[PDB]
Amino acid sequence: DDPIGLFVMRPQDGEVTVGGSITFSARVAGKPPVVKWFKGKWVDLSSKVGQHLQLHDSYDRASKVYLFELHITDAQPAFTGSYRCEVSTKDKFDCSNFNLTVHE
Amino acid sequence: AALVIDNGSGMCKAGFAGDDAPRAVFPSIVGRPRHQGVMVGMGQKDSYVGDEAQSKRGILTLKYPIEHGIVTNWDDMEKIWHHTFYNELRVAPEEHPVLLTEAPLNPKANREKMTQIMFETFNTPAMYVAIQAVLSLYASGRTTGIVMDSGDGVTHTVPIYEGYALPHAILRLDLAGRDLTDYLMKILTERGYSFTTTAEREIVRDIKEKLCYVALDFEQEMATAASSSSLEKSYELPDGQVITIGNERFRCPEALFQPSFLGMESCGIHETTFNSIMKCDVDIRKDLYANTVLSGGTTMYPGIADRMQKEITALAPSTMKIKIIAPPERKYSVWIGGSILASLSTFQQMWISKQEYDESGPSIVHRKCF
Amino acid sequence: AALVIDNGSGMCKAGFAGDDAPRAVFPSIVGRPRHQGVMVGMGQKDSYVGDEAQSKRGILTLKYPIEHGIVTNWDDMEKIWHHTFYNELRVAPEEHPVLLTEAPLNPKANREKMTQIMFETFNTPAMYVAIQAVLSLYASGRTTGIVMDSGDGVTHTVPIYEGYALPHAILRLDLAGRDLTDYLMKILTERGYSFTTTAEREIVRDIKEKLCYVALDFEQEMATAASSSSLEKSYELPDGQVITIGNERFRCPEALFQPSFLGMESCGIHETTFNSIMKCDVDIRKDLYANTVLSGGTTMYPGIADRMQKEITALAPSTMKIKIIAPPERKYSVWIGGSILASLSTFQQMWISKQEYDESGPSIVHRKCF
Amino acid sequence: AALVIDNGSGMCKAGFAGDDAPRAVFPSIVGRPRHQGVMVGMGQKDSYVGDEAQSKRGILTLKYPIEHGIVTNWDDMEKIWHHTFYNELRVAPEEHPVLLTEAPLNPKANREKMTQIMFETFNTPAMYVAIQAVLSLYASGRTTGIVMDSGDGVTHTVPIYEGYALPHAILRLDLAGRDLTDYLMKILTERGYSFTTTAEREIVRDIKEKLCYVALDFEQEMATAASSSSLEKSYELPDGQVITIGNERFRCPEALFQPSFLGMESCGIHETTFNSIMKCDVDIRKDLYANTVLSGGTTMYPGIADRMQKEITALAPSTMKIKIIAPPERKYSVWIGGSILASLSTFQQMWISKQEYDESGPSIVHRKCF
């Protein structure tokens, strides 16, 4: 098909209302992989973490799969746009593209 | 024209470049109502910014966005900046360039994020970040000397010789007016008065600003405290309660001189100045001793210049006379320096353009400036 | 031998130095007959002191001599001291030295007056005043740790490292069992039971001591309070009335954890411990976290140690496991420390002599001891 | 039998002559209790010496007896020496001769006083003082070469040809590991971590010893700093806090190479080595380039030997190859040279004797030896 990347599960597109909360996640197959969340090409979400954005990382022993989560709360209209998820491993680099839309 | 904003802890100073005094000065506090209100027709106003908080202080809980020269929460800062421009200045950032002030030995993240918020949160054609010690020096009108900069946030020392910088010689000291306030509230309890709330915490700060002073000699005033006649003064609270303080008032300012009372190893403000000078080269040491400049919010208390003068002279060689210049309105000197800096023709090319930021990114701040 | 008296709000603990437990323990209350009695042959007894008051509680109005670690009325204290020596101890102050315990961050006047009353009101060859947190540590036998001392009067935190104490690190919290009692009486009214009298005010305190416990998780027990088969218990009053409480009793202890219910800004007991630790140096922090000691009247309720352990571990880094030592008879630990302290040979030299007091004056208490 | 003591800033190395490894090694620090502790039965102990100070580091304030190869306070040194002979060695100076090591270009007063303390404070039949660079050479077992000696105190260069020493060619450099530590603590603040206390100052030094390394190419690693994958390594503090450092970690070692970062005009370690060689004659220069020897506490950082070889070969003509010998356990090499020197038959005749000291006086130290 095409090479199969580091994501068992790719981030998914979603819609969020004003004042609501939306969660996006990425799964990586089994040193632990490092994930960067980007708004546009040059905006790093990790430096944008405050009341509006949270980052959560978890590891599950049973499946040997790492789950990375992006948490958005009180999603303002200003958050509408294109978001890019990048994950790096010992031997591989990979990225995924998804869009967040805020209505109202 | 241009806009200059001085963001030290506890206060926000803002105004237009080319002006002697800032348009608006207010405390840097963000407050939220901790208690539920049971009424109909209330604004609700999730938070209050600036002096608005001071009036409605009892209901609210007060949070300081900047601690020890470090911004703890960025969104609160954004509300403050929003408040400074639209609420008082009544101007658009797009129309005017904006100058911000930075404390010495400050972390990299604070400068990079601050520029990122100004370029994207507010749309500004250009902006610049400068060090607090150098702006005070321009307000003074002197290009050579040593600047002692202390405020609510953190005490900083930065010697200046003919336009050259000496990074090794620059010393950061973790002493501040806010730190003094914690010492002060603690000292009141021994006398039978206790404050455990943030709202009255500022009340002692108000007390400290005018009632507190610096003793010429700590041992001698404390010694004469036995016959407390002139050492006791009555202070009136908004409550209506009356507070009287004696030897307690002068010793709080003493703590800057004596960090031991606070419990920290680091040397006092006068010793730190010596450390910066010792680090510096022998050729430029003689002018620095007589060129001492005092700036910041907590340098206001009377007797600071006089106590520093004897202490610096005592530790230093008697070979050269020691002169300290601490002019009135020293608190506003940093903002004033910013206003003059913006005014100069050469400086405008120097501003970090919006255009430069978009390609290269937030990391250019360290690359372009000091 | 020597005499040791532990004074905290609500209770008096006293006994001979060098013994396992104090000779007599009774509540610290002064009560006067508010109602005029119409009889002949009545003693009249203008005031009643101690447990005697509890027996005749309905007629009398009860006043606590010590509020928030502060003695409101000095002559009431004198009556209780008289009562402790002459009534239960059956000893003369002249014969034995006397040790007293004092709360941290306590006003200067209380220590100076207390010695003045002991030297002149009761004659004694020597006396000494010590801080409550250190004595509790002695009962433990531990030389290093952090002591959480909360009594009926005021909650105090005092970290100790290898016998050395940091004054800056010591934090005073205005939470107490008596404060909890006011909360408790307020909470009972919603159920449908009302107490507006000091005499039955103590009755809820009695209820609080055994019936009230600290929930492992506030949200989960309250959630499970919808169906009550285990939460509700029946308490029998002296009157003969039956009182049943549900989710109401566990939340009273919760307020120490959650000052917000009380309406005060100051952080809960677990946060305060963190504040004290943050103040302390990085090198000594690791031992302090696992050396937590619980002492005082209000630390009696079950589940306190378990709730504190999870909360401290959550806020603190996961790198070091946290140990909290809360042994049984923790309430009497302060007195025990006092009895052991008196017993050591070195300590006796350290006592403030009657002879020293007459020339130098009452002000020497601060000068000599901490 | 004889005793050999290697004294340099930050560490004390001691043992018995004729043995490959020293019996006891500990840091050279004196610490006093800055905070008054309140307890009964405390050992007190006005000062702590050695590793004892490290354990009780938070309460104490640490002062180094030796700065830049210069002893700041003589009494503190005496306590250290007392500590080494009695606490770990468990031997009497009267019974065994004692060998001490001296830094090059050191002022005359330190050598005369050091012998004076040894003969008067501790009774010993004989003692000798030797230069640190020559002892390292003996440990190596090489007759001719150039010795680069850098430690916690001061960097020293001493070229040796056939046992003959050239006084003019000897170069002293003011760069040291302790100096690096100040740079390191200063660099941590930009990241967002601040250390202003001597007790945690040591903690960064601990970090520096294992975490820090020397880049083959400074410019290339810094360039690759943006993609921080392997550059950032986690560190654990006694506090429990976690520290991560990236490009910051390798630049600290760089400072020795680049004094400009520290602001000093004096040239880096590789250029200084060149100056010693330039000073030397044509006949002996060719072997010296191939005979470079590295020794001392701060030379333990990995990559130093590879970078020095690279830099010396580049600056030096291609006409001859450049070999640098930097064996493992180079830090302890000076002590071993001292132990081997004492064991040699010729050396025992060459001892400064107690008998010799008393008639002639302290001034014989310069007269008798180099």
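Asker: Please explain the overall build of chain A as it appears in this structure.
Answerer: Along chain A, the regular secondary structure elements total zero helices and nine strands. Along chain A, helices (α) and strands (β) appear in the sequence β-β-β-β-β-β-β-β-β when read from the amino end. The dimensions of chain A, computed from C-alpha atoms along their principal axes, are 40 × 30 × 25 Å. Across the 104 residues that make up chain A, the buried fraction comes to 32%.

Asker: How should I be thinking about the interface of chain D and chain C in this particular structure?
Answerer: The extent of an interface is frequently quoted as the accessible surface area lost upon association of the parts. Facing the 23 residues of chain D at the interface are 26 residues of chain C. Summing both partners gives a buried area of about 2,300 Å² for chain D against chain C, and 64% of it is carried by carbon and sulfur. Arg34(D) is the partner of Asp281(C) in a salt bridge, and the nearest nitrogen-oxygen pair spans 2.8 Å. Summed over the shared surface of chain D and chain C, the result is eight residue pairs in polar contact. When the residues that make up the side of chain D that touches chain C are grouped by side-chain class, the tally is eight nonpolar, nine polar and six charged.

Asker: Help me understand the interface of chain D and chain B in this model?
Answerer: Listed per partner, the contact involves 15 residues of chain D and twelve residues of chain B. Interface area, chain D with chain B, both sides summed: about 1,000 Å², of which 46% is carbon and sulfur. On the surface where chain D and chain B come into contact, there are one salt bridge. With a closest N to O distance of 3.4 Å, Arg34(D) and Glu265(B) form a salt bridge. Between the two partners, chain D and chain B, sit six residue pairs in polar contact. Broken down by secondary-structure element, the contributors of at least two residues to the side of chain D that touches chain B are β6 (60-63), α5 (177-191) and α6 (198-211) of chain D. A breakdown of the residues in the side of chain D that touches chain B according to their chemical character gives three nonpolar, eight polar and four charged.

Asker: Would you explain the relation of the copies chain D and chain B in this entry?
Answerer: Two copies of the chain are present, and they differ by a rotation about an axis and a shift along that axis. The two copies are related by a screw operation: chain D maps onto chain B through 166° of rotation and 27 Å of translation along the axis, at an RMSD of 0.2 Å. An overlap of only 7% is found between the interface residues of chain D and their copies at the interface of chain B, pointing to separate contact surfaces.

Asker: When you look at the arrangement of the chains in this model, what are you seeing that I'm missing?
Answerer: Among four pairs of chains with at least one contact, chains C and D form the most extensive contact set. Where chain A comes nearest to chain C, the C-alpha atoms are still 16 Å apart, and the two do not contact one another. Chain A makes no contact with chain D; the smallest distance between any of their C-alpha atoms is 9 Å.

Asker: Honestly, the UniProt feature "binding site: Zn(2+)" in chain A in this entry has me stumped. Any pointers?
Answerer: All names here are of chain A. When the UniProt feature table is mapped to this numbering, "binding site: Zn(2+)" covers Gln54, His56, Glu69 and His71. In terms of the greatest pairwise C-alpha distance, the residues named above, spread along 18 residues, form a tight cluster of at most 8.5 Å across. Here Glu69 lies in strand β7 (residues 65-72). Setting aside its immediate chain neighbours within four residues, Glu69 contacts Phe24, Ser25, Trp37, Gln54, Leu55, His56 and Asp57. Here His71 shows up in strand β7. Other than its neighbours up to four places away in sequence, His71 contacts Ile22, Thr23, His52, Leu53, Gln54 and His56.

Asker: How should I be thinking about helix α12 (residues 304-315) of chain B in this particular structure?
Answerer: Because each turn of an α-helix spans 3.6 residues, side chains separated by three or four positions end up pointing in the same direction. Residue and element names in this part refer to chain B. Here α12 contains twelve residues, and its C-alpha end-to-end distance of 17 Å stays within 8% of the 16 Å for a straight helix at 1.5 Å per residue. Restricting attention to buried positions, one finds in α12 the residues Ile304, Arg307, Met308, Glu311 and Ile312. Buried positions in α12, seen along its axis, are confined to an arc of 120° and lie on one side of it.

Asker: Help me out: how do you make sense of the state of the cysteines in this one?
Answerer: By the definition in use, this model includes zero disulfides over all chains. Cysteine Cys252(D) remains unbridged, with the sulfur of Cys212(D) as its closest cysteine sulfur at 5.4 Å.

Asker: Sorry, what's going on with the sheet that holds strand β9 (residues 98-102) of chain C here?
Answerer: Residues and elements named next belong to chain C. Within the open sheet, the six strands sit side by side as β3-β2-β1-β9-β10-β19. Their pairing is mixed. Unpaired on one side and paired on the other, β3 (24-27) and β19 (352-353) mark the two borders of the sheet. By the bridge criterion, two bridges tie strand β10 (residues 126-131) to β19 in an arrangement that is antiparallel. Each residue of the ladder has a partner; that of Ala126, found in β19, is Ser353. Helix α3 (residues 108-120) rests against β1 (3-8), β9, β10 and β19 of the sheet, and its axis sits at about 155° to β10. Running over the sheet, helix α4 (residues 132-140) touches β1, β9 and β10 and is turned about 90° from β10.

Asker: What's the story with the packing of aromatic side chains in this structure? I'm lost.
Answerer: Describing an aromatic ring pair means giving the distance of the ring centres and the angle of the ring planes. Counting across every chain of the model gives 29 aromatic pairs over all chains. Measuring from centroid to centroid gives 4.4 Å for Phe119(D) and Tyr357(D), while their planes differ by 10°, and the two rings are stacked. Of the two residues, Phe119(D) sits in helix α3 (residues 108-121) while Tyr357(D) sits in helix α14 (residues 354-360), which places them 238 residues apart along the sequence. Exposure class is identical for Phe119(D) and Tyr357(D). Each is buried. We note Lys56(C) situated over the ring of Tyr48(C); from NZ or CZ to the ring centre the distance is 3.4 Å.

Asker: Explanation requested: the pattern of salt bridges in the structure shown.
Answerer: Should the charged atoms of two oppositely charged side chains come close, the side chains can pair. Throughout the structure, instances matching the rule amount to 58 salt bridges over all chains. Of the charged contacts in the structure, one is a salt bridge between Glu202(C) and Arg57(C), with a shortest N-O distance of 3.5 Å. In this pair, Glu202(C) is assigned in helix α6 (residues 198-210) and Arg57(C) in the loop between α1 (51-55) and β6 (60-63), connecting sequence segments 145 residues apart. Look at the salt bridges and you will find they share partners, linking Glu254(B), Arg307(B), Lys310(B) and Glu311(B) into a network.

Asker: Looking at this structure, I do not really get the packing of helix α5 (residues 177-190) of chain B against helix α6 (residues 198-211) of chain B. What am I missing?
Answerer: Two measures define how a pair of helices packs: the angle their axes make with one another and the distance between the axes. Residues and elements named next belong to chain B. Where α5 meets α6, the axes come as close as 9 Å, and the angle between the chain directions of the two elements is 105°. Classified by the angle their axes make, α5 and α6 are roughly perpendicular. Contacts between α5 and α6 pair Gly177, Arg178, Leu180, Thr181, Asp182, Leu184, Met185 and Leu188 from the former with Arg201, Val204, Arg205 and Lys208 from the latter. In terms of residue class, the contact of α5 with α6 is made up of five nonpolar, two polar and five charged.

Asker: Honestly, the packing of helix α2 (residues 74-89) of chain D against α3(D) in this entry has me stumped. Any pointers?
Answerer: All names here are of chain D. Between α2 and α3, the least distance of the axes is 12 Å, while the angle of their chain directions is 50°. If you check the angle between α2 and α3, you find them oblique. The element α2 and its partner α3 pack so that their crossing is right-handed. On the side of α2, the interface is formed by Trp74, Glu78 and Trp81, while α3 contributes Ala109, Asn110, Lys113, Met114, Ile117, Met118 and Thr121. Classifying every residue of the contact of α2 with α3 gives six nonpolar, two polar and two charged.

Asker: Whenever I open this one, the side chain of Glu190(B) confuses me. Can you help?
Answerer: With respect to the element layout, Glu190(B) can be found in helix α5. Not counting chain neighbours up to four residues away, the residues in contact with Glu190(B) comprise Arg251(B), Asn106(C), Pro107(C), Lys108(C) and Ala109(C).

Asker: Would you mind showing me how to read the sheet that holds strand β4 (residues 30-33) of chain B here?
Answerer: Whenever strands of a sheet pair, they do so through backbone hydrogen bonds, lying parallel or antiparallel. All names here are of chain B. Here three strands make up an open sheet; going across it, the order is β5-β4-β6 and the pairing antiparallel. Each end of this open sheet is capped by a strand with a single partner; those strands are β5 (48-49) and β6 (60-63). Sheet contacts for helix α2 (residues 74-89): β4, β5 and β6; angle to β4, the most-contacted strand, approximately 110°.

Asker: Please explain the pairing of strand β17 (residues 292-295) of chain C as it appears in this structure.
Answerer: Consecutive side chains of a regular strand alternate in pointing toward one face of the sheet and then the other. All names here are of chain C. Burial along β17 is two-sided: the face carrying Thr292 and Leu294 and the face carrying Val293 and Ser295 are both buried. Bridge count between strand β11 (residues 145-150) and β17: four bridges; the pairing is parallel. Note that in β17 the partner of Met148 across the bridge is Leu294. Pairing of β17 with strand β18 (residues 324-325) involves two bridges; the strand directions are parallel. When the sheet's bridge partners are listed, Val293 is paired in β18 with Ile325.

Definitions and cut-offs
Residues numbered from 1 in each chain as written, not as in the entry; some residues may be left out. Chains lettered and ligands numbered in written order. Part of a larger assembly, values for the part shown. Heavy atoms only, no water. Helix = DSSP H or I, 4+ residues; strand = E, 2+ residues; numbered from the N terminus. Buried < 20%, exposed > 50% of the residue type's maximum accessible area, 1.4 Å probe, protein only. Contact = heavy atoms within 4.5 Å. Buried area = accessible area lost by both parts, 1.4 Å probe. Salt bridge = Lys/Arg side-chain N within 4 Å of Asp/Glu carboxyl O. Polar contact = N/O pair within 3.5 Å; in protein donor to acceptor, adjacent residues only side chain to side chain. Nonpolar A, V, L, I, M, F, W, Y, C, P; charged D, E, K, R; others polar. Least-squares fit on C-alpha atoms. UniProt positions renumbered as here; feature names shortened; annotations may be inferred. Expected span 1.5 Å × (residues − 1). Arc of directions from axis to C-beta. Disulfide = S-S within 2.5 Å. Pairing = 2+ DSSP bridges. Axes fitted to C-alpha atoms, helices over the stretch in contact; angles between N-to-C directions. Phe/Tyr/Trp six-rings, centres within 6.5 Å; stacked < 30°, edge-to-face > 60°. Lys NZ or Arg CZ within 6 Å of the ring centre and 35° of its normal. Parallel < 35°, antiparallel > 145°, perpendicular 65-115°, else oblique. Left-handed = near helix turned anticlockwise from the far one by under 90°.

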